[PDB]
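For reference, the structure discussed in these notes is given below.
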4 protein chains.
Amino acid sequence: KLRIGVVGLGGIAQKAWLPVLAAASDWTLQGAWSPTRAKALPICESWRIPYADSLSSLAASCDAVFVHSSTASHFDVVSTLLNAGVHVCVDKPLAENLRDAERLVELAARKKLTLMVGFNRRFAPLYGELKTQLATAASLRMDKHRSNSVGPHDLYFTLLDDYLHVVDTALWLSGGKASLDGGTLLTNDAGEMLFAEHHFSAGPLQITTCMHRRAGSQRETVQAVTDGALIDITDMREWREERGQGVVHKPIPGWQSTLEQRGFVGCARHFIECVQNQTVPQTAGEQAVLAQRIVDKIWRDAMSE
Amino acid sequence: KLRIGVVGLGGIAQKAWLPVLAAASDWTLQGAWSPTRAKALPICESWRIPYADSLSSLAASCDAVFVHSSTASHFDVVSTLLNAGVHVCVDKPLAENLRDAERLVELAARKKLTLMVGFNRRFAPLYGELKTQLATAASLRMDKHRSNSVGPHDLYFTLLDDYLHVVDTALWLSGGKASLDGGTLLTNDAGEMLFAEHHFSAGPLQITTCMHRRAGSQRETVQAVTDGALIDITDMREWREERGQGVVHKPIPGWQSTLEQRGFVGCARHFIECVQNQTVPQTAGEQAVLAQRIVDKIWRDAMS
Amino acid sequence: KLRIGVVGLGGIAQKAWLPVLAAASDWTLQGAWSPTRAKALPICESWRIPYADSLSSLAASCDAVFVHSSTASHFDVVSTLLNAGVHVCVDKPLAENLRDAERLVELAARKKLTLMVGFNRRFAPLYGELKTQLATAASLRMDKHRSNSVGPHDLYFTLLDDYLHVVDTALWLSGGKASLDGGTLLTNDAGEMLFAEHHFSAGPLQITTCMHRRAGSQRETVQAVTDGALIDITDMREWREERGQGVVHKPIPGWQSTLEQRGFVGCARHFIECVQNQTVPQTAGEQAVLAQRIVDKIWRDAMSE
Amino acid sequence: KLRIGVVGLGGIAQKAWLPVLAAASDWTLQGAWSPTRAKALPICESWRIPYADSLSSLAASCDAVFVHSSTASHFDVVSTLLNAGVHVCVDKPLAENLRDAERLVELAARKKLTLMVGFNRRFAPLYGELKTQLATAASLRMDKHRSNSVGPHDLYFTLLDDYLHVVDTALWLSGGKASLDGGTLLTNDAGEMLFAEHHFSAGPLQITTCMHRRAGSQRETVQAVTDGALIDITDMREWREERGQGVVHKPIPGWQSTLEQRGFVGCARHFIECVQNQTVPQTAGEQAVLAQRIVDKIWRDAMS
């Protein structure tokens, strides 16, 4: 059975990327570490888990590790772990720099290790169920808004830290083969992201990614207009479809965690399985920098006009 | 009290307009006329409406006429009605061809008559209500679908008879200075429209018009993403907004009159008011062909 | 073709009991009258309809008439019309007195005329569709609340003027054969109705009628718990059912008036048809004073304790 | 930091309680024990929980124990656990028989231990939130159904293992001084419960408990008709209220933890708090058997 390590304080991890390891079957949680040797000691004790004192040890005694620390650190962390011959699964941004990412993708292969990005969304039960229905899709629009989170970081940061999630999911749902027709980027006076919306075209299918940081509501939705059906998904939890017989709400499994709905579980499992079976992850190599390449293409333009 | 006349007793007429033009305290219905004359007499009797065998007969006995018949016969009917000194309220496509539409508009200006297009959606309480909240709007999408209506008519008829609604409403709701950025059109081998979507840009705001003729849902909706709130309107009847403290469902009073929510009532009132007050309607002049100028271009480009 | 007369100013009638005569097919609207010879002259003109100057004339030149005037007048009006050999359809309360009602039911029969109460609810498309589904119903509860209408009239009035509607519909839906097990009646200091809720038992099936005059919302609902399904109906417009495959919203016919949803149309038509076919109306004779007999049974108790 | 022990690793235990008793900063999980011992060892390892071959072994190593096993074995387990100076939090039916339940309560008072019943619904944010708005309530109905669960157990087990939830919650939400007015019970030829409904009266307020084992819906709801507002709560997660200005949907934060919305978390915290603070829990004494005294009577009367 594999030993798994976790890198990632507890801001978010404690909520999902931690109770998700409260499974234990086929693999074990072999300790965890984080840069803030302080706000991590408590959770390690409260959860009864080994607290590595340095990334060196944590890597030493692990076969694979989930990295959920700051996006700025992702590169170094993954870079260190990979060099320790450890399998890694990094959170959304591979590295806050396109090249740096293409390099980790090289290192990982060049060292017969598996490196995949944690696109929990490609593992949400409802998004996967939808993907097997968009065969005759004509319109696909995804929204992810924040009530009031005009993040202290600049546009660049928020693009790789939030919008990337929308682009990733949208492109994965369309079959990964769209073009960037147009869109917009709105920032306040502080150069901070306020809004973002773009349009893609995968043949006849029209894709739309949309995000607003001050919409007075934290909602996430996916709308699909296909031939014979109209499907809508709210918060990866609600599923409504119309097939000419009235609006139908798919039943929500009585005992299902939110960590399973967002695709966290399925992502971990698919990571753990690829290690053993020694297979290529769904989000590795090209699939790990894809959407990032697009997000980058946009920024490269919205910073020249 | 003007004398109101009606043209075209087909479906919508009897379901929407007629019920609006019968219960009137400020005007009176004095006649009707269909290019078919078939079942026309029984229909008119149903409404106690003196049937007119001819337009020039219906015109010679009216002051203002609401036209609603095959988009093709519009020009011939409107120009005639306008030559008889009768104010007219045309139904959606002013005329089948763009130049024709303008011809009628000009003909109305010279003749000094009130010629407006009946864009009922511009008078829907909830839509006009929404138009006042989009000051800080960033995203605006309007969706209008059919469960399975790839009806006999071709792409050209559908663009002018249905997709125009979306394009005109969306542009009206967002200032009215947007530009076409792209989109697509899909038709089966017969040339009948199947799907249509387009993107417009009025500054930072992104507008989207979408219509699918076979999506399994006859739903209509408007989605707005503003600064500090999210508004959704379904079938011109349901209003939901979220401003940081949970979704709210605006109340729906006994005023619940489909004919009123959908804007028919207000459209009629507005037409007659302009006629009696000799003012310019919200759907006249360049405004009665702004969306059509757009829809036409989309079609022409498709055929090239 | 029959000539139909209408008695009923325009408070409500103008909204429904009037645009409902904007049909005309098999019968004609032969004028209308009301006690207030003032606030009725306008509508008669605006709707282009003959304004009888007295109930005498209106009855003289009609074959049947819809009575939608004050409940206090119902008796006299119907009593006059019946004596004029005219067929009548009276609004909800037959007479504000049980005996008086049983007398009109006699007169009407004794004069080979048809007298039915206008229980528009027994003709609402969704309530009728429900009735054919309550075969294995175990629980049936109906609510009818007003946002803030603590009516100037006393408890008695409001019981025959509003609660009667709930009791009628509830009993008709259960098959008309329940018993009054219990309930409550709450009035303010002015002796005005504030609340009302009762429980009936039609064998195993438990029925509940519920009304509050100050619930801060004007909603009407019907809930059914049957064997194999869970059905809910809001405002005679919305229909949701759960049959183990998720919640399903029945589609609302695109072009359907509200006057048709509340059962107004179907009620008029069924009235007009019984005249010609000379058949017994669904709400005539015993079915016209039924629920009223119950409403009365309650009051007779809530006015002795 | 008390030592927490668990009894019964069946379903709910692993889905609700365990996940609540593992992530703890104020206490520690020190063991577990099932009357089956089958797969028990693999389960405990899954949670890194030293398996106890015996109760007196689990007890000898704990301070407080959360019991959740076959309603029948409750008495034998609780009395034993109480004889070993261990505070216990029993699962719904304190004991299978009423006198037994009281026996345990008394045994806890003498022994000076904290004995409470785990009524998670009394600690659900939304339910406790609602209990503060029913000051002017007139009607209160709680509905809990199953799509098709006429499970093996008979009417008696179901009344105590499921219908008790409704009866206890409803009574708790409405003051707690209601009286049984009537209702009905339905069972198939096998004697398995099919449906149950009852009416209570606490003054002018009317309370209704309803449960059907095969209604095609696993829905849970609470309906309140107060003076000036209408509140609806579905599956302890959705809150809707209408106070004259349209229905409102209370917001649902990232706090979205089924285990928390359903009250499990708060129930645990409350138990341990009372133990360490030596105070009386909200579900102890007469309160740990108020609804059971009612449900039993209903059953006895049915069997007469």
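A quick note on method: Cβ atoms are made from the backbone with ideal geometry, for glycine too, and the neighbour counts reach across all protein chains shown. Bear in mind that the values in this text are calculations on the coordinates, not laboratory data.
If R₀ is 22 angstrom, what is the calculated FRET efficiency for the pair C:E286 and C:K112, using the beta carbon separation as r and rounding to 0.05?
Details: r = 18 Å, r/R0 = 0.81.
Approximately 0.75, to the nearest 0.05.
Between A:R48 and B:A202, what's the calculated FRET efficiency when r is the beta-carbon distance and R0 is 41 Å? Round to 0.05. Numbers along the way, then the final one.
Values: r = 58 Å, r/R0 = 1.40.
The formula returns an efficiency of 0.10 here.
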* Taking 7 Å along the Cα-to-C-beta vector as the label spot, tell me the C:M303-B:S70 distance in nanometres, rounded to one decimal. => 6.8 nm
* To do: Please report how far the C-alpha centroid of the stretch C:270-305 lies from that of the stretch D:165-241, rounded to the nearest whole angstrom.
  => 32 Å
* In whole angstrom, and with the biggest value first, how far do the Cα coordinates of the stretch D:1-118 range along each principal axis? -> 38, 28, 23
* For all pairs of alpha-carbon atoms in the stretch C:1-118, what percent lies in each bin of width 10 Å, listed from the first bin to the last filled one? -> 15, 50, 31, 5
* To do: From the P(r) of the stretch C:186-274, can you give the percent of Cα pairs sitting at distances over 17 Å?
  => 68 percent
* Structure fact -> Evaluated at 20 °C and 1.002 mPa s, the Stokes-Einstein D of the stretch C:104-212 based on the Kirkwood radius over Cα pairs, in µm²/s, stands at 138 µm²/s
* Can you quote the Å³ per residue value for the convex hull of the Cα atoms in the stretch A:197-238, rounded to an integer? => 77 Å³
* Asked: Taking the simple approach of a point 7 Å from Cα along Cα-to-Cβ for both A:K177 and D:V150, what is their distance in nm?
  -> 5.2 nm
* Structure fact -> Across A:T209, A:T226, A:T279, the residue with the highest GNM fluctuation in chain A (Cα network, 10 Å cutoff) is A:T279
* By counting other Cβ atoms within 10 Å of each Cβ, how are A:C267, C:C274 ranked from fewest to most? -> C:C274, A:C267
* Asked: GNM, chain C, Cα, under 10 Å: largest mean-square fluctuation among C:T80, C:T132, C:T184?
  -> C:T132
* Asked: Which of the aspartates and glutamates could a cross-linker bridge to A:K1, judged by Cα under 18 Å and excluding same-chain residues fewer than eight apart?
  -> A:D26, A:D63, A:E273, D:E45
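If I take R0 = 41 Å and measure r between the Cβ atoms of D:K250 and A:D154 in this structure, what FRET efficiency does the formula 1/(1 + (r/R0)^6) give, to the nearest 0.05? Intermediate values should be presented prior to the final figure.
Values: r = 35 Å, r/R0 = 0.85.
According to the calculation, E is roughly 0.75.
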* Asked: For chain B, which semi-axes, largest first and in whole Å, follow from the square roots of 5 times the eigenvalues of its Cα gyration tensor?
  -> 32, 23, 19
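Among A:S139, C:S61, B:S257, which comes first, then next, by fewest other beta-carbon atoms within 10 Å?
On the way: A:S139 26, C:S61 13, B:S257 18.
So the ranking, lowest neighbour count to highest, is C:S61, B:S257, A:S139.
Using just the helices of the protein assembly as shown, give the 222 nm mean residue ellipticity in deg cm²/dmol: DSSP H runs with n ≥ 4 each add -39,500 (n - 2.57), and the total is spread over all residues, rounded to 500.
When only DSSP H runs of four or more count, the value is -8500 deg cm²/dmol.
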* Asked: Could you state the number of Å between the C-alpha centres of the stretch C:85-125 and the stretch C:153-173?
  -> 16 Å
* **Length added when fully stretched, A:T136-A:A24, from 0.36 nm per residue minus Cα-Cα** => 36.3 nm
* To do: Give me C:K250, A:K177 ranked fewest to most by other Cβ atoms within 10 Å of their Cβ, as a rough exposure proxy.
  => A:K177, C:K250
* C-alpha long axis of helix B:264-277 to longest principal axis of chain B, angle in ° -> 60 degrees
* To do: Pull up all non-local amide H partners of B:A202: gap of 5 or more, or a different chain, and H-to-H distance under 5 Å with H placed in the peptide plane.
  => B:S179, B:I207
* Asked: Relative to the longest principal axis of chain A, what angle (0 to 90°, nearest 10) does the C-alpha long axis of helix A:286-301 take?
  -> 60 degrees
* To do: Give the residues of the stretch C:11-43 whose amide nitrogen is closer than 12 Å to a point set 7 Å from the Cα of C:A72 in the direction of its Cβ.
  => none
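Taking every pair of distinct Cα atoms and averaging 1/r, then inverting, what Kirkwood hydrodynamic radius in Å comes out for chain C?
Details: mean 1/r = 0.0495 Å⁻¹.
Every distinct Cα pair counted, the radius reaches 20.2 Å.
For the protein assembly as shown, compute Rh as the Kirkwood radius over C-alpha pairs and then the Stokes-Einstein diffusion coefficient at 4 °C and 1.567 mPa s; write the answer in µm²/s, rounded to an integer.
On the way: Rh = 34.5 Å.
Rounded, D is 38 µm²/s.
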* Asked: How about D:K92: which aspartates and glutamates have a C-alpha closer than 13 Å to its C-alpha, ignoring those fewer than 8 places off in the same chain?
  -> D:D161, D:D162, D:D168
* Asked: Angle between the Cα long axis of helix D:98-110 and the longest principal axis of chain D, 0 to 90 degrees, nearest 10?
  -> 60 degrees
* Taking springs between alpha-carbon atoms closer than 10 angstrom, which of D:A13, D:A24, D:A170 fluctuates most in the Gaussian network model of chain D? -> D:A24
* May I have the pair-distance distribution P(r) for the stretch C:149-305, computed from all Cα-Cα distances with 5 Å bins from 0 and rounded to whole percent? => 2, 7, 14, 17, 18, 17, 14, 8, 3, 1, 0
* Asked: What is the diffusion coefficient of the stretch D:147-304 in µm²/s, taking the Kirkwood radius over Cα pairs and the Stokes-Einstein relation at 25 °C with a viscosity of 0.890 mPa s?
  -> 138 µm²/s
* **Whichever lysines have a C-alpha closer than 27 Å to that of C:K39, once near sequence neighbours (fewer than 8 apart) are set aside** => B:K1, C:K15, C:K92
* Distance (nanometres) between label positions extended 7 Å along Cα→Cβ at C:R243 and D:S25 -> 5.1 nm
